[PDB]
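Asker: Dropping the structure in here first, questions after.
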Amino acid sequence: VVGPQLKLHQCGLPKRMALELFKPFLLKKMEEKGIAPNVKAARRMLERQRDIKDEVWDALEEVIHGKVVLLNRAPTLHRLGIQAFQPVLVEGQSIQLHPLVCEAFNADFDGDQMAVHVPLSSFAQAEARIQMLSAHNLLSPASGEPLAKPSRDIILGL
Amino acid sequence: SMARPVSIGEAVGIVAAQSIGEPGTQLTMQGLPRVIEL
Amino acid sequence: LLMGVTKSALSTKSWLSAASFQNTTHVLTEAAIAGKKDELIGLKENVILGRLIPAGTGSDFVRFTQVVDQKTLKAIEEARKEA
Amino acid sequence: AXXXXXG
Amino acid sequence: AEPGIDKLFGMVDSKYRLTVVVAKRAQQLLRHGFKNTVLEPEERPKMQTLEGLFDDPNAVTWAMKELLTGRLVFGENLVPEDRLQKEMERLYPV
Amino acid sequence: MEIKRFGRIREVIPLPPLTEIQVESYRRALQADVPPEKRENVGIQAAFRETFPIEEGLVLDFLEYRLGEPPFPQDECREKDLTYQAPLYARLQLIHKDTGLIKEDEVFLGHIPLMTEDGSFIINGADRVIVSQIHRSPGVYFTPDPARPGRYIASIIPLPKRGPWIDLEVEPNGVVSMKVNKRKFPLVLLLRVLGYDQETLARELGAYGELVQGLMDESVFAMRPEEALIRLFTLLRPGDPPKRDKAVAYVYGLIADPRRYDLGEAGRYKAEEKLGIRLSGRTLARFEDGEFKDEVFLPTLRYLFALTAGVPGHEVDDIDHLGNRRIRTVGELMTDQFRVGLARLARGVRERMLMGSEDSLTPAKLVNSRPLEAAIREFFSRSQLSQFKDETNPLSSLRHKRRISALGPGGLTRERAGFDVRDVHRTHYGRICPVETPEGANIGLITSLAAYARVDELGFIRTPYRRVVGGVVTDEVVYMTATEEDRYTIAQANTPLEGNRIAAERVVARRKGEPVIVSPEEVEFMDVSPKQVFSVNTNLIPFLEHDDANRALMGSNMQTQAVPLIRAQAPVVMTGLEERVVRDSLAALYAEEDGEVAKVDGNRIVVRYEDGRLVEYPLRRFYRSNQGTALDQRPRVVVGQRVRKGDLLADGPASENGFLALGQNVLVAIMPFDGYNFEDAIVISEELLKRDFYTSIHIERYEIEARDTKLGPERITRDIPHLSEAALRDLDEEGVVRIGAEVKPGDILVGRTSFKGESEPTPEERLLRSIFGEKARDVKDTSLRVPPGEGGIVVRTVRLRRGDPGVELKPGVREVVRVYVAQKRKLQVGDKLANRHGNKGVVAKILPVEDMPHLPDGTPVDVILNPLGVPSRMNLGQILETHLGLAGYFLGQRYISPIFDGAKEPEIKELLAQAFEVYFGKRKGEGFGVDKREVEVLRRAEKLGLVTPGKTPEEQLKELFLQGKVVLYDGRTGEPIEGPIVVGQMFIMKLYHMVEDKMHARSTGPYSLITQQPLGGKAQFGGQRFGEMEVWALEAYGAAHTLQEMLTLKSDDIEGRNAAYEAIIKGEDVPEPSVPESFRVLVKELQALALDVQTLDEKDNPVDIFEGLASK
Amino acid sequence: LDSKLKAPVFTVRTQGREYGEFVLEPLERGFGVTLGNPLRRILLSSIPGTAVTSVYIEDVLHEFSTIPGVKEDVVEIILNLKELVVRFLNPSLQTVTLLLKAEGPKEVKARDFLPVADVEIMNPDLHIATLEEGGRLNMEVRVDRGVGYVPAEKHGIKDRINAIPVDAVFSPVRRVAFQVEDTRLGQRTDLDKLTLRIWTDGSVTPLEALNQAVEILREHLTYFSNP
Amino acid sequence: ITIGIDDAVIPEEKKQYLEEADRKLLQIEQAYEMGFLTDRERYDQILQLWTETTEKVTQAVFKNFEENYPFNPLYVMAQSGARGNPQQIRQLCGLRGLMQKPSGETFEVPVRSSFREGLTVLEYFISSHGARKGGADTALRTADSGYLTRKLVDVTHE
Amino acid sequence: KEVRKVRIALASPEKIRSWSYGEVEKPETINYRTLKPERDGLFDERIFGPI
DNA sequence: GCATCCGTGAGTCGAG
DNA sequence: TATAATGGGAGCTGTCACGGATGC
Ligand SMILES: CO[C@H]1/C=C/O[C@@]2(C)Oc3c(C)c(O)c4c(O)c(cc(O)c4c3[C@H]2O)NC(=O)/C(C)=C\C=C\[C@H](C)[C@H](O)[C@@H](C)[C@@H](O)[C@@H](C)[C@H](OC(C)=O)[C@@H]1C
Ligand SMILES: [Mg+2]
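Order-wise, the sequence lines are chains A, B, C, D, E, F, G, H and I. Under the numbering used here, the residues of the first sequence are numbered 1 to 158, in order. Under the numbering used here, the residues of the second sequence are numbered 1 to 38, in order. Under the numbering used here, the residues of the third sequence are numbered 1 to 83, in order. Under the numbering used here, the residues of the fourth sequence are numbered 1 to 7, in order. Under the numbering used here, the residues of the fifth sequence are numbered 1 to 94, in order. Under the numbering used here, the residues of the sixth sequence are numbered 1 to 1112, in order. Under the numbering used here, the residues of the seventh sequence are numbered 1 to 227, in order. Under the numbering used here, the residues of the eighth sequence are numbered 1 to 158, in order. Under the numbering used here, the residues of the ninth sequence are numbered 1 to 51, in order.
Right, dumping it as structure tokens:
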């Protein structure tokens, strides 16, 4: 679904998706605070949905801070089929995508789906952030020309 | 992509293949068969 | 000798790559007879083995780079000045 | 069933 | 875009070298509990929580900023590995 | 409200029963209502007639059959997971030749599934539709030789798996060659075997260009039919001894055997018409008076040489022509499999006749039903043409039944399918729809039967045409095959008529598909209606003439995906076909005769007719469809109401007062909104969720079995080890969740405890056990729990148990428990909406009502569509629908605008004018003049050349409203949108692709057995696939460690993934990954292939990746 | 159903008297633009300020005429006069006529205007005109108190036959830009964050400007009192 | 910015260009009658005529837009490059144009209707051939494209 | 050590016998009752390993 | 030298 | 643990686009 509000480097990530994706980190940061005595307690606490509480969301927000995920839309035709975005927790089950990268994925809003991957180590996260960040690739490795550029509504208004 | 010198270690082959392949679905069936022929 | 992309692919040195591409029986038998070794020069090979590919952050060129702060650098410098 | 998603 | 990314791409002969530098530095910071940081207290990256501002938990952010401050030395064959390990352990226990 | 209809076209005949293809095909096949002596030879009757009599000596013969009554009714079959079917009994008589002993008995042949009223089947509890198949009609064809331009290829094709194709070709050397079973041999030889002599072929074929001399061979006529036969047998059968009777038997089996080689009745007729001859049997030759006699080959060779010579009255054939392509319906397919099974039964019967007691044998002791049962069952369960029913809405089922597939057994294989097959042939007109098909791989291979189209007894598709004699159009209708259609000049249906007479001097018509302008003196026939050109889905798109064919396709397809809504409405602009579709799908309940309604209940409707009889109609309520949509009927009448014959009683699913309801009529504004509708995304008003527009009920089935084990029995129980009362709160005494309890992910639907596998406690477990002093229980908790992302209210529980009346399960299973969970889904971001014109999008934003663009009178709009979606796609139908929709919004009336005959611009403008009066004159009467904002907007529109300068504000507002545009205020500002905006009612549907179903994520989960990699699918809580192309992506980015993570740490490196997880939860960075298990598997597989895979170092000295475990 | 709401925290960020940023968070859904738009309208349109309405220059017949001895044409001087920021220290004073006389090789700035009682020139270094040898400039400018923006052709005021009406920019506010960003308090992610940005000429500070704006609005809410 | 049905503007010039065309058609027809032109010659001439006519009415639509209605939504979206190209817009306000037989041969009788005026059943069915062929093209070429990409990757990957 | 190379070659019958932990002399898989591997069968624990 | 035969290829994720 | 019994059946059909091997 298109977020208009997203900065070029950002993507809307559903809360539950992020919770499950980042789950070990969330357990760790839950033990770091007083939310749970230990890891296992935290996991058993997250297992049921009616056991979920306010503090855990702020905890998750602390967890994902500075981190990025990878968005990929099949088919991946060229390098930009995967791009790195800083996740922003959103209400709803839909992933929010930034308009300018659409042309790069050949994505539109008619019901296309995308996949999220979480790079784990410091190395992978560094690679993602420096090399694969959407805002960092502005030009076609193919033609050299601009890749993320105004289209549709934007060009219209301007 | 960066409009500057290529960084050593950049994998060129995959980039070339992808760059040639991506527009391929915009060519019909002298078009795509000519490309494959070449 | 000019050969098309497929034959050129199958004709490469790395038998892992050729075997992953196509004509698996042919490639593999011709590799087994001659007792071929795969030096793992290309990407596909190391991908199959699950190693760090020889490109980007996995290129020998930039991968051995070290980083150190001036404090620790000078401490180690004094350790070197002692001996 | 395929293309951009009629069915 | 990562803050001052252009300068970082300027610092190195290859972008991937920058990547390796930042990753390694970040691992150092994680392992030594941030004690080894070259950043003054006022330069510390901040995460804004419910209570107030706190230290940014993200190691990579730190490493990139440290790198921007020019207070780091990066290159091949600076010091033998076990020596660097033992020394960093000496100055900053873990 | 008043429904105003447009159009001047008068339909002579209505649409035929839409399911007639299915129902009439199957009925024709079974003849269950026909008394045995009156049965025509067709279908299973014909199968019996072919198989019997059986010889070799004893003789088993066929008399008649009978089909009994179903052991269980349809609903009961659906619930008990049975098959709705009737017993098949067969009267046979065993006859000993010598003894003269005759024994007559009725043997039980197993069961034949019955077709339900709506034209579907129930197989093993599931609703299945048998999809009719399109193929190449049997007969004789002549097609141009691709290599040799001057020459041709003759082909003789029988029914599928009814025996081999035959190719007659004139070779470069001059001899005429025949190809059978991929064997080329001179046709002369076969001609000699048939008993032809050189004289006969000389006088018959002599008139030609001396191609006949290529058929002239002296060595062939130098041998009698016997010698020629043995010669041919030696030619076709290398290594097989050339015995006389064996040769006669083989060649007879290949050519003259009706039991083996069979042309269709279609092939019969077609061969007759093409070759200009008359066939006795359905074979190519006969065995008569000890020898062979030729029916076919000589006429065929004659026509071939006559085509080669250039003789007038001889032509090639179009295999894409619908005169040359036919349809095998349900009955023909089922009968085919029945014939196969019967053949197997005959083989078994003979085998049983050879040995065994030769005195005492009965038809019961000879006949085993097993092959026939296994055959029919194979067809209904595993055939590609037997398909899980599409139940999404009634239109889905109806369309599914009308599907024409080129795939399946004997049919085409895609990736083998060319462009010519997928093309729309000129003869598709009135027969197969040019529009409705898939976008993807199957395009042109799967199609839809046209609305007025019919399938004849021969299996060819026919379309109706009105007779025209001397410029007078009669009411006499004639259905034609494409071949017969080619013979006439057929005028278009929109051509002017005064009374029954053609009112135009120049009339548009067709000759062999080619458009031609003729005089009324020349017109033989005229189109029944434009409706006949398209399918049922396509016929539901109003203003279709304004839509590009591709978007028409998209909308057409998309209607099938419409989800039944609790509030669902009929479209404001209909095609007039909305009612028939509901009526034929048997979704809605109707009145059988005239009468009075005695009772009205939510569960039932009781009706007294003129017959004085009380007929009670029960209502299906909240049943789960195959696609999970809730199919329920609701009563539309009241106590005492008088009802004539055919009046509506209960409203089916996706139906409003008898009209087809696929969605809601919402008030739309077409303007860009803050990038929220960017790239086909859609913005909706929260007022839609408030009043429950686009809200749908969905039901999901959960099933669990408790069985007997060698470790002890599983049991459904409320007693679950290590669980609190908090977790057992909603569980009843037996352990089954109660009806009406709300269940969320993690909840227990059904409790179950399984005896633990034999377990050696790890030392830590033993020590901890000593510390807490608690016995380790013998049973563990296997209880069926609500999957992630699922949940709802529990509306039903079914419990079956072994040792209970009427209940027997599969061996080893003690009990089966089912829980039905229904959830009520509102609309939410990520759900897919679409119109009928091919505009499709996902709701990207739900704004509060105050943010929504509104009319001057304070009325907000439900949906904001993006204008950018219109021009590129070229579907203008939605625009007109919107305009007329605006009119209908203010006049409070709906419309019917049939395709190609419908409301045109001027009439829409009149309606919009009246609407303007209602929308404005009221306001003037209310004592409110023109707003300042309306002045600004009017200045703008005046600059845009939209309105004529100098007019009063009211006049210009009317001018805009007539163009379908109104003044709109932005809800956030209060300022007007600088231009006037197009606003109006549009019919939009909620498609079955819903974000609630599709969203999934996983950290860690189950892994595969051999590969040790994460499972696929959301149901399995598996991971996303990172494929070759994603790997290429990462490589091009040159992210090495990310890629290495994907290849190792995240999947299939055991030690690595365990270590990584432990590290992350500990707060430690992830460890260096190791060798992925799938490579170890590769190595071992290669070793199993007798190849040695050695991982070395740079020293060429072996490195052991198995860590010694594999080496002695 | 049962609702809790905390009073938002007003955040101020100011650079000199020329600019400021204003952040109000958290706000209830939709209330970002509910307060935002009105204040924008009120700020630009209704905030009290001073402008140059009319100007007379000796030996100058009309607006597009050229002045011998001066490089800028009359039009360019009128423009420079539009950017003059004049502050009235006395609330009683509705109008002033500022006289300026100069000649010779000198570049006239806003300082050269002869001082008037309770009239402060905020931008004395502002450029008006440059004169060469033999060039003369004799002018009188009419400064009135007013609100918003009034074009010359709208007021059409003249003290003299040769006096030229000038488009009067009264608004001390040069620009208002506001944006509402989604921010979260605890569980709810949609809660509104209002960020407001205001430009001024220095005569009235942005904080003063916004306070005046909310006062005008609040007073209007009292107009619903007595029928 | 919006789209009403009146926003597709059928130029007057169209009618003229049609009548003239008809006239020329007749001329060519006469040329066939007396045997000056062969069948294929006449066919080619008619095709050329209709091609040039189509071009002409496209230019007529766009000139009408440029001069008379510069802010007309179709024209705006086209010119800005936000949506649409001259041919599509021409189909909207102009004539639909020449149509292909399933064989690839072109019909002599072009659709004279815009999507605004609306097509006639025979016209629609005539066009469906083209639509189907195009759609099948799109569906079939994805596979071969993919195959090519894979071959290229495998040959260049080291 | 680090793996820098991968070699493939024809395996000698002696090498094949060297890999093998035993010969499978029986077609049997597991027992129809105990559901445990048979002796000298494809699943035998004697050869391939402990379950 | 040039017709002819046999084997091997023929897009991606999703659900199934 | 003993009349004598002595050569099997099903094929399965609208793809090219070929590559190198094999054949007058
Ligand atoms: C048993 O057949 C299976 C495949 C056999 O293999 C193959 C090789 O032969 C066929 C035949 C003979 C067909 O006609 C197919 C067909 O018409 C398809 C798609 C296919 O792939 C078809 C296949 C094959 O792939 N397109 C449609 O039908 C479209 C135009 C409308 C209906 C869509 C709904 C969603 C379905 O109807 C669905 C409810 C379900 O019924 C099918 C998905 C069914 O799956 C099952 C469980 O029944 C398929 C067809
Ligand atoms: Mg899409």
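Cβ coordinates follow ideal geometry from the N, Cα and C atoms, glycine included.
Taking all protein chains shown into account, decide if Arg40(G) is buried (16 or more other Cβ within 10 angstroms of its Cβ) or exposed.
Answerer: Looking at its Cβ environment, which holds 16 or more other Cβ atoms inside 10 Å, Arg40(G) is buried.
Asker: Report yes or no: do the region 38-53 of chain A and the region 1026-1037 of chain F share at least 3 C-beta pairs separated by less than 8 Å?
Answerer: With the cut-off at 8 Å, the region 38-53 of chain A and the region 1026-1037 of chain F do not touch.
Asker: Can we say the region 112-120 of chain H touches the region 21-34 of chain B, given the rule of at least three CB pairs closer than 8 Å?
Answerer: They do not touch, by the three-pair rule.
Asker: Within the 8 Å Cβ cut-off, does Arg152(A) reach chain H?
Answerer: Yes, contact with chain H.
Asker: Is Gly111(A) near ligand 2, with its Cβ less than 7 Å from a heavy atom?
Answerer: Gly111(A) Cβ: within cutoff of ligand 2.
Asker: Under 7 Å from any heavy atom of ligand 1, does the C-beta of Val563(F) make it?
Answerer: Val563(F): no, Cβ never under 7 Å from ligand 1.
Asker: Run the proximity test for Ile446(F): is its beta-carbon closer than 7 Å to any non-hydrogen atom belonging to ligand 1?
Answerer: Under cutoff, so the answer is yes.
Asker: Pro258(F) to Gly276(F), Cα distance in whole Å?
Answerer: So the alpha carbons of these two residues sit roughly 22 Å apart.
Asker: Does the separation of the CB atoms of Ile404(F) and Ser132(F) fall below 8 Å?
Answerer: For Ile404(F) and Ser132(F), yes; Cβs fall inside 8 Å.
Asker: What is the residue span of the beta strand (DSSP E) that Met139(G) lies within?
Answerer: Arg136 to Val147 is the extent of the beta strand (DSSP E) around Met139(G).
Asker: Report all residues from its chain with a CB closer than 8 Å to the CB of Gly341(F); omit the five preceding and five following residues, and keep chain order.
Answerer: So the list reads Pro371, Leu372, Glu373, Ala374, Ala375 and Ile376, once near-sequence residues are dropped.
Asker: Where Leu865(F) and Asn835(F) are concerned, what is the direct C-alpha to C-alpha distance, given to the nearest angstrom?
Answerer: So the alpha carbons of these two residues sit roughly 11 Å apart.
Asker: Which whole-angstrom value is the C-beta distance of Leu1015(F) and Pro980(F), which I expect to be below 8 Å?
Answerer: Actually they are not in contact, since the Cβ atoms of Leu1015(F) and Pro980(F) sit about 56 Å apart, beyond 8 Å.
Asker: Any beta carbon of chain F sitting closer than 8 Å to that of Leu49(C)?
Answerer: By this cut-off, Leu49(C) is an interface position.
Asker: Around the C-beta of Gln96(A), are 16 or more other C-beta atoms found within 10 angstroms, so that it is buried, or is it exposed?
Answerer: Buried.
Asker: If we count Cβ pairs, one from each stretch, closer than 8 Å, do we get three or more for the region 64-83 of chain H versus the region 96-109 of chain H?
Answerer: Touching, no.
Asker: Assuming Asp651(F) and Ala588(F) form a contact by the criterion Cβ under 8 Å, report the distance between their Cβ atoms to the nearest whole angstrom.
Answerer: So it is a contact: roughly 6 Å between Cβ atoms.
Asker: What number of angstroms, rounded off, separates the C-alpha of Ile44(F) from the C-alpha of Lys840(F)?
Answerer: Using only the alpha carbons, I get a separation of about 47 Å.
Asker: Do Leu52(C) and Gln1044(F) have their CB atoms nearer than 8 Å?
Answerer: For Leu52(C) and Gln1044(F), yes; Cβs fall inside 8 Å.
Asker: Give the DSSP bridge partners of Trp15(C), in chain order.
Answerer: For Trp15(C), which the question treats as bridged, DSSP gives no partner whatsoever.
Asker: According to DSSP, which residues form a beta bridge with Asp182(G)?
Answerer: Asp182(G) is bridged to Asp192(G).
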